[PDB]
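One structure is given below, encoded as structure tokens.
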Amino acid sequence: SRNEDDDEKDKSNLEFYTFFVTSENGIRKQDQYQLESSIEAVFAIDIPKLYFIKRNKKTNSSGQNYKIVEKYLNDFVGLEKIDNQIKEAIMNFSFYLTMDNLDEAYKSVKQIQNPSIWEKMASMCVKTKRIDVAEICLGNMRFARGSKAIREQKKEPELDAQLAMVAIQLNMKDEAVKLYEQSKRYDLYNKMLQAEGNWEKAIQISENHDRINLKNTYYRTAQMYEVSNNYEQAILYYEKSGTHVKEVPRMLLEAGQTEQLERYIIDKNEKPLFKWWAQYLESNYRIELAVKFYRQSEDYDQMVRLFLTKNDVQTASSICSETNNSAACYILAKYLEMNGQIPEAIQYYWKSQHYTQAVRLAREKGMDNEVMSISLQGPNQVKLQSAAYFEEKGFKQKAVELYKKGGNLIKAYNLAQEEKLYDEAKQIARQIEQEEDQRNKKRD
Amino acid sequence: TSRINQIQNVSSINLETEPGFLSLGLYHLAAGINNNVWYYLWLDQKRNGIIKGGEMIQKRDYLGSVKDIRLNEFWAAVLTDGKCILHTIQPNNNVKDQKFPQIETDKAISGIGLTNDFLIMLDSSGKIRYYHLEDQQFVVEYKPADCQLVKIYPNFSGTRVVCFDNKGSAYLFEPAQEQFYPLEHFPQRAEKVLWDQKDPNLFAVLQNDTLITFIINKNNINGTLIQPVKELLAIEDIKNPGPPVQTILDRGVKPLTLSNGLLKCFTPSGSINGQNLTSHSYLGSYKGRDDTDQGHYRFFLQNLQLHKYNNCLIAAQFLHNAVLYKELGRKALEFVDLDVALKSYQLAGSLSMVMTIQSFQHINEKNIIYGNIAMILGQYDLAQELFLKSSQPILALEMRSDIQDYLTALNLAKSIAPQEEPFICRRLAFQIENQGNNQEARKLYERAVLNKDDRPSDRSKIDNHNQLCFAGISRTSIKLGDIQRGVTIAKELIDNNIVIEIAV
Amino acid sequence: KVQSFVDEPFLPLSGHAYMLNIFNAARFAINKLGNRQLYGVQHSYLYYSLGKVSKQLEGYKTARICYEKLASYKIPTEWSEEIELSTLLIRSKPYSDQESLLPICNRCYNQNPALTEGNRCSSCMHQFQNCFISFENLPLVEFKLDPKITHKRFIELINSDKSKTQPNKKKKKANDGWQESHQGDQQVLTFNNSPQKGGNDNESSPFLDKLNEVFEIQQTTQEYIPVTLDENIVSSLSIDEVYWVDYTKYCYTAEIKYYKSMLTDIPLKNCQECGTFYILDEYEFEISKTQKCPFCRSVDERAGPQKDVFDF
Ligand SMILES: [Zn+2]
Ligand SMILES: [Zn+2]
């Protein structure tokens, strides 16, 4: 949308190019400069400065004047601090870098060295897309933070990403953005845009390019809003974020706006919110409201727990008879274990589909019909344990029957030879030949 | 006195004798005259609700005088000139007296302190003892306790204690660490110390005419900071010790307690003044709607003094000056306030700051963060020492190699982790081809080659190091006239760009 | 799990089973991780939760150790005073833990401290096992099979050996071991400060004899070598107790691990899709509550083939 028209006012049609010319390498391009529309003509060329002619439209006279404008070269922008002997070293290093003569340039820079000179070194190395000299220079800054960034960023297949990271380290964001666009990399650029501050632009870039880290961007924007104390914006971007069931209560209790949390939970009308609020009410000794919100959240274990805290077993029994929850029956039987209510405890354990505990308790206490009834509907392991217990008991015929109805039929066959019966033995033989055929019909 | 700017209804308790000592508890009231002690109760424990009149539960008589009386909620401590005793207020049916404290010395307890569950007794010999109420045991004992003890003042829960000693000295004691802390810049005639219920860090000391405020800091880097907060009007010009802030108190008035930055000043005709310390007074005076700039800078200065970093951040965002942003970010970073420092640095306009800040917020380890903050902010040797004190000295070795000092880095690498000797040696090779010492490069590269050829595992890194060291020996032999070996080893090596550079 | 516990404000009077489960989870995580400081964990929530749960459940030694560790740690100022107060309060409590809670190491029959480096005991070098739902120690031991023996016919041979080792009263080793255990019984208990040595060797079986001989060999060598079993012990075994873990669905031939349960009364269920152990009680309750395997994140076996084209 309209990114090519309004920028032509200050842009001219003249571009400056710098070249080093020698017999060995012929002609090589060194740097490019874009001249503004205010620049009228090129005056001359000098090593430290470039001079141009600039129109004076603001003059009220008929004849517009022209002034000289002095500018620094790309490799000399920023260095305002005594430029007497450095120009030779900079020119020599650039000239040797045109032919990539590494050692000659290194030995030319050897004799002086300076941290500002080293950062200009690194900047022009980033400009010329060289990595080894760049990392050597970053070693020569004594800039530990940039080295740590190098170390954490070197684990990347794309070298353009490393170049953009070094550009961030040397403070020019436009070059890093251009490099990221060149490498078709957006996630690192999205992270940089999120960091620098323009959150909405990062959201737009993520949604039109990545759309994967959109939830992360929403969460980060919500966190930023929370830092800015904008509670409404924070909760809003929480519901637009992936998770909002737990972040909103945490921020509300951190701020202490209990009434705002109450309005929010009433508006949402969600079971986890009811559970959280009831838990908090129980924490601050509001038993009745906690019970009401538990009822609104349908957590029967909590009502059984609370009624067991006050030894109000009658209402817990009524609730477990009405709702018939499994875990409520389990915890009620757990309480009855201490309360000396073994029959009802066993019945509730059987109801709650907790087979082995009930069957083992009844085996110790000596109940016969209930355990076999439980094992008939139970898994194979419970069947085996209960019927082995019946082998240990005085009657073994019922153990034979429960093996026959159990998952081990070869055991029933072997018991058939052990007790040397005929009718039940022939029925077991029919069953075992049926199972042999069933196994043989699977795959052969 | 629960509410502010108004006093709730008073409740009357009847008496016939006039006591010279008064003590207040959560539920009871103790009135003590010479060898006579009176106890009063409201309702019967539980929750008060309606309050009844004074009830005479038990009149207590003593052979000696009642020097001091203390009463927290459930037990009571009575002092006599030579002996301390305990009592239970609610029950009188029990016929078993409390276990009498003190030892065969049976000397007068110089300092007594009651907390919610603990009793501290300090004797004239200079020994402090901690006693559990329900267990009746000496959990903590500290006999030496510097030279000699004079006065004691504990926290409301017993976490901290401050001891005033001879020649007007002061010390801080923590039972958990069992180590003393000397104190500095303390008046020699201060009579009492008042803790703050809002924050345990802040407390106040009452001189005969002046009030001083002190704060305990444990989040400070490599230091537990205690210092009198200063007053300053300079525009970040000077950060050096100066006169402490003093609050002017009226003549013949005693502040009862300090809480939430409010002191319960008591003045004649039964008047209670909340007032304020002259450090939070301007904090409460500032409103922040329009105000001015000098006032806003003073508000920022006092917030920085009191470490109220949220107010510091808002004061910063009001004024877009970059130097104030940098100073606030540096201070927040030094006080391990990562979020505030990140926000301030981002408002300043730096990305290299926030990258490392976000990287640091990942790690929750203690010494690692302390060393990382030190090495980002200021000196590097202290960060190396902190990293050595940590459980990851490899980070310290990497940091030392990062500075490329190579005088301490090699020694440290040999000391802790000598299995990384090759790589760092290679770096020295570069340095030894930087200084022009061509001959030393040969032996350094040869030693590195032998060291990496000794270990055959993980052939990828070994091969990369071998190629780089072969390039090094080739170039240094060409530079030294050893043409044959250099050109040969250039022939066997396969990496094309390196061979091209050597040929160049 | 421990974070879902800690972010929820704790109940002053909570269920004992919930507290025990939280303590077990925290202890297991601390033992397994230790010092790797991996991405995601903060090492402070675990210690704080372990300290609180131990204070609510005695555990004086573990409470003291974790409180010292947290003192070496840095925490928000909301918890420092509570931590120091709890430490000074627990200073008066008796030492030597409370027993009946330390895990029991199999093939050692000794009691070990809750926090023992990378989830191994001091007596031998053996990796522990836990039910992921409850984080409770399981009575399981590891054993290997001979390379000559192939697993496919190993199954049928052990099935035949279990089947023959019941009616035929001529000669069988299993009933001989059972009768020897019933006849002779040695049970000795010795008390120490941290450890407890349980001399329980009543069950005289060839497996246990080979196990104790191998344990003495490893003690002599001061190293760990997994036990290798021959055909006789393999024939002496049964079918229900073996809980071999297979990775065949991912790789046709990579490895296979074999485990034996000392206690046959307790039932164990092994999910082969994720290869994880569970107690039948908790696993059945979770399956009834939800038809998805928790760690496996797969469909339940009882349900039908939910994997259709639409889901694909
Ligand atoms: Zn062991
Ligand atoms: Zn699974």
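Chains as they are written, first to last, in the deposited numbering: chain D, 641 to 1084; chain E, 380 to 883; chain A, 940 to 1251.
All C-beta atoms in this analysis are idealised placements derived from N, C-alpha and C, irrespective of residue type, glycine included.
query: Helix, strand or coil for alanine 455 (chain E) per DSSP?
result: strand
- prompt: Where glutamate 1041 (chain D) and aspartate 1077 (chain D) are concerned, what is the direct C-alpha to C-alpha distance, given to the nearest angstrom?
  reply: 22 angstroms
CB of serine 734 (chain D) within 9 angstroms of CB of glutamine 670 (chain D), strictly: yes
- prompt: Within the 9 angstroms Cβ cut-off, does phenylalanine 517 (chain E) reach chain D?
  reply: no
query: Taking Cβ-Cβ distances below 9 angstroms as the criterion, which residues of the stretch 944 to 975 of chain D are in contact with chain A?
result: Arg945, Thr949, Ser966, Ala967, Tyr970, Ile971 and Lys974
Meets three-Cβ-pair contact criterion under 8 angstroms: the stretch 401 to 416 of chain E and the stretch 437 to 448 of chain E: yes
message: Can you tell me which residues fall inside 7 angstroms of ligand 2, judged by beta-carbon distance to its nearest heavy atom, and keep chain order?
response: A:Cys1210, A:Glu1212, A:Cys1213, A:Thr1215, A:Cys1232, A:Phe1234, A:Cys1235 and A:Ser1237
message: Using a Cβ-based criterion (distance less than 8 angstroms to any ligand heavy atom), does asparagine 1045 (chain A) qualify as near ligand 1?
response: yes
- request: Identify, in the order they occur along the chain, each residue of the same chain with its Cβ nearer than 7 angstroms to the Cβ of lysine 1051 (chain D), setting aside the five sequence neighbours on each side.
  value: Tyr1043
field: Rounded C-alpha distance that separates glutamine 783 (chain E) from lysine 788 (chain D)
entry: 14 angstroms
- prompt: Do you know offhand how far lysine 687 (chain E)'s Cα is from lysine 710 (chain E)'s?
  reply: 12 angstroms
field: In chain order, each beta strand (DSSP E) run of at least 3 residues that lies wholly inside the stretch 815 to 878 of chain E
entry: none
field: Cβ separation of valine 941 (chain A) and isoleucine 961 (chain A), assumed to be a contact under 8 angstroms, to the nearest whole Å
entry: 7 angstroms
task: With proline 533 (chain E) as the anchor, note down where its beta strand (DSSP E) starts and where it stops.
output: 528 to 533
task: Work out the CA separation of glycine 708 (chain E) and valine 888 (chain D) for me, nearest whole Å.
output: 29 angstroms
- request: Compare the C-beta of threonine 768 (chain D) with all C-beta atoms of chain A and state if any pair is closer than 9 angstroms.
  value: no
query: Looking at the C-beta of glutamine 1037 (chain A), does it have a partner C-beta in chain E at a distance below 9 angstroms?
result: no
query: Can you round the beta-carbon distance between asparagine 1020 (chain D) and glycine 1046 (chain D) to whole angstroms, since I take them to be within the 8 angstroms contact cut?
result: 7 angstroms
- prompt: So is the beta-carbon of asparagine 1051 (chain A) under 8 angstroms away from any non-hydrogen atom of ligand 1?
  reply: yes
message: To be precise: take each residue of the stretch 765 to 784 of chain E, compare its Cβ to all Cβ atoms of chain D, and keep it if any distance is under 7 angstroms. Which residues remain?
response: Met778, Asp781, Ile782 and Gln783
task: Anything in chain D within Cβ reach of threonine 735 (chain E), meaning under 9 angstroms, just list it in chain order.
output: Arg785, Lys788 and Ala789
Bridge-paired residues (DSSP) for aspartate 760 (chain E): Answer is none; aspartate 760 (chain E) lacks a bridge partner.
query: Which value, in whole angstroms, describes the spacing of the CA atoms of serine 641 (chain D) and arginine 1241 (chain A)?
result: 58 angstroms
query: Is any heavy atom in ligand 1 found nearer than 8 angstroms to the beta carbon of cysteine 848 (chain E)?
result: no
task: Quick one: list the residues of chain E neighbouring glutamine 1161 (chain A), beta-carbon separation under 9 angstroms, in chain order.
output: Simply none; closest approach about 25 angstroms.
Reduced DSSP secondary structure (H/G/I, E/B, other) of residue 378 (chain E): One cannot answer for residue 378 (chain E) here, as it falls past the ends of chain E, which runs 380 to 883.
For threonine 1167 (chain A), the three-state DSSP class (helix, strand or coil): strand
- prompt: Using the beta-carbon of each residue, which ones in chain A are nearer than 7 angstroms to residue 927 (chain E)?
  reply: Not covered by the structure: residue 927 (chain E). The range shown for chain E is 380 to 883.
field: Collapsed DSSP secondary structure at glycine 750 (chain E) in the structure displayed
entry: helix
field: Contained alpha helix (DSSP H) runs [length at least 4] in the stretch 713 to 738 of chain D, N- to C-terminal order
entry: 726 to 738
message: Which same chain residues end up closer than 6 angstroms to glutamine 809 (chain D) when comparing Cβ atoms and leaving out the 5 residues on each side of it in sequence?
response: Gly786 and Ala789
message: For the stretch 1028 to 1046 of chain A against the stretch 1074 to 1084 of chain A, do three or more pairs of beta-carbon atoms, one drawn from each stretch, fall closer than 8 angstroms, so that the two count as touching?
response: yes
message: With a threshold of 6 angstroms on Cβ separation, who are the neighbours of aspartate 447 (chain E) within its own chain once the five nearest residues in sequence on each side are excluded?
response: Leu458
task: Compare the Cα-Cα distances from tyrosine 957 (chain A) to each of D:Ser992, D:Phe659, D:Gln942 and D:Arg1003 and report the closest residue.
output: D:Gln942
message: With a threshold of 9 angstroms between beta carbons, is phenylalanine 1224 (chain A) in contact with chain D?
response: yes
query: Is the beta carbon of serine 1062 (chain A) within less than 8 angstroms of some heavy atom of ligand 3?
result: With respect to ligand 3, the structure offers nothing, as its ligand set consists of ligand 1 and ligand 2.
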